[PDB]
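Chemist: Sending over a structure as structure tokens; questions will come in a sec.
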Amino acid sequence: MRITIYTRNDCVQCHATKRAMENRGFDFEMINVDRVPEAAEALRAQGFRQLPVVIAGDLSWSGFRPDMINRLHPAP
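Each residue of the sequence shown is one higher than the last, beginning at 39 in this note's numbering.
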């Protein structure tokens, strides 16, 4: 399952999210929305209003959400 974190530099909630995923041994890709406006536009069209935005399988959320990150633990 691919986990993508849409991020921005100087974004505390983004850093917290990355660190939280690393603390749990998750593999993820990061996409800087300032360097990739196509992604920024796509996220705005889906209604997101804050960063980071995490997309993983059927889940998609914004902001630092430890509770949602915990839903990414691998199945047996």
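Every residue gets a Cβ at the ideal spot worked out from N, C-alpha and C, and that includes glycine.
What does the alpha-carbon distance come out to for the pair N70 and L81?
Modeler: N70 and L81: Cα-Cα distance of roughly 12 Å.
Chemist: Can you grab the Cα-Cα spacing for the pair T55 / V74, in whole Å?
Modeler: The straight-line gap from Cα to Cα measures roughly 19 Å.
Chemist: Hey, out of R57, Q84 and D65, whose CA is closest to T42's CA?
Modeler: The option with the nearest alpha carbon to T42 is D65.
Chemist: Ends of the beta strand (DSSP E) at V92?
Modeler: Run containing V92: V91 to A94, per the beta strand (DSSP E) assignment.
Chemist: What's the call for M59, buried or exposed, on a 16-neighbour Cβ count within 10 Å?
Modeler: Buried, because 16 or more other Cβ atoms sit within 10 Å of the Cβ of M59.
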